[PDB]
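Only one chain comes next, encoded as structure tokens, the form deposited in one PDB entry.
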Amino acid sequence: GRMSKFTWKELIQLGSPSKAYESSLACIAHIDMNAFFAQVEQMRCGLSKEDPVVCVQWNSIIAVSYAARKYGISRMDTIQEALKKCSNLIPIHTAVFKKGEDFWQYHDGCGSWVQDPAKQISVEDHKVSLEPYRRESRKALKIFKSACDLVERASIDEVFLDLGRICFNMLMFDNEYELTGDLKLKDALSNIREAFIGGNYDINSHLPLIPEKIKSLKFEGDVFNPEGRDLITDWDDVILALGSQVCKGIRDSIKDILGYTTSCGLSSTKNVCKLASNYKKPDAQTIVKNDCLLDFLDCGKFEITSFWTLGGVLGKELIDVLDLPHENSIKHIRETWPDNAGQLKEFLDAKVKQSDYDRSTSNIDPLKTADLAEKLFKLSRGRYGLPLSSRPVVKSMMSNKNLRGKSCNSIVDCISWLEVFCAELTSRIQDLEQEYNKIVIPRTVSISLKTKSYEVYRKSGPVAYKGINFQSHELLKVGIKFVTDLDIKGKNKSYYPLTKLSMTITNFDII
């Protein structure tokens, strides 16, 4: 073309962390540590990534390494089923709390699958701890935050990164990177770097054409290009290419410092980034160009329900509501509402007004159908750019145990379990304080339980701290008094043995 398709404003926009995600030149990453629980146990027990590990809770498999998947094992399988698929399976139980003790521990070489009756982890008197995964997630998160200035913690084992600053900075100021033995960026991009410092452009002017020398610049990972398009055709391609290099460096830090492999999707938007991290795993990187977005969305493996908020009941409703086909629903959406989001909105408004439509149980807000259309229209085209928002404060934290047998036949038994709940909630508070770098302290505790006949009893009240800080023991004593109060409440009523018992903390002062 005469010039680039993009304006200076959209390139400069990369440098601002609150607006970068809105640029069509945005460069987002979704990084996933696959089979995370399996990885954590793998690395703790000195084992390799090719070792067929499964993370286990009782008789069920909660994480399955990819090495174990080569044998047709999945989470659907019980441990005994998986062992008929691979007799060399290395099942590793989660850490456990013992009823009445305030600490968790690992019992390696103990489990339901080991034949010795001496070496069992009884479900009745034990509770699973997930602290080891929490802790390890936090290490990862620390490394990510060091490497990048906008990081979103999407889950226990997944993050999003905004690479805009890093990319824009590389593009304009990195004098050390070189495309070949003889070629470096400072010389490759001299025109763009000199126009920019010059300041003579107008922010709405289009960028100049990419120079030929840059075209040699390499992508790291798997560039998704079914149609064999040109790899570098415009600035969004240059940025994405630089991002991939940067992104490979980060992932190597994770693997070098902690030993965890990752999957990674690289693209313009969050949603497209997540689809990409899942396209090939484990230990793979997938790049999706803006020009290949439709090639990617329509490759066959995706549907409207494949997107982040639509994998559930709303998604299924939408398929019905919109009369979409079970195949190629994304394409179907693009063409049936080809020109603007509004068409979809109106179509939505009528169906909203249809006779069959249930206002009472619908997951579609009729007041907010402006936003719904937009998300669909742009998600369909892969241009739905959400920001990397931070997770909002916790309102509530809960620890509980589903009880079977008579593990809870008296006040004393309940109190042994409350010790485990405090210990667990205490360490989770600690994780939060690190996440926030702010002191977190709950003011309200709530004890609840289900009786022999599944009736619910509950007591909430304030917890008062003899000190300025939070002391776990204060939490337990209130837990104990509520447990005692509800005992009195159920004397000649259905009660023991209990079927469920919980501790919930709320009303946090984040200070």
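When you see a residue number, it is the position in the sequence shown, counting from 1. Under this definition, the rigid core comprises the largest set of C-alpha atoms superposing within 1.5 Å between the forms.
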355-363 or 427-435, whichever carries the higher mean Cα B-factor: 355-363
Which of the two stretches, 30-38 or 449-457, shows the higher mean Cα temperature factor in the record? 449-457
Going by the deposited entry, which of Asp236, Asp256, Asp320, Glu158 has the highest CA temperature factor? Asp320
Out of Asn278, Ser416, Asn290, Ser190, which one has a C-alpha B factor higher than all the others in the entry? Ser190
Thinking about Cα B factors across the chain, which third does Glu136 belong to? lowest
For the chain shown, is the CA B-factor of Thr444 in the lowest, middle or highest third of its modelled residues? middle
Among modelled residues of the same chain, the CA temperature factor third for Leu314: highest
Which third of the chain does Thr94 land in by C-alpha B-factor: lowest, middle or highest? lowest
Among the modelled residues of this chain, does the Cα B factor of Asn340 put it in the lowest, middle or highest third? highest
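The protein also exists as the form deposited in another entry; that form is not presented, and the subsequent description refers to it.
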In a fit on the core, which one among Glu124, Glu227, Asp356, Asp252 has a Cα that moves 2 Å or more between this form and the one not shown? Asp356
Following rigid core alignment, is the displacement of the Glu212 C-alpha between this form and the one not shown equal to or greater than 2 angstroms? no
Hey, does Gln471 budge by 2 Å or more at the Cα between this form and the one not shown once the core is superposed? yes
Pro366: CA shift of at least 2 Å between this form and the one not shown after core fit? yes
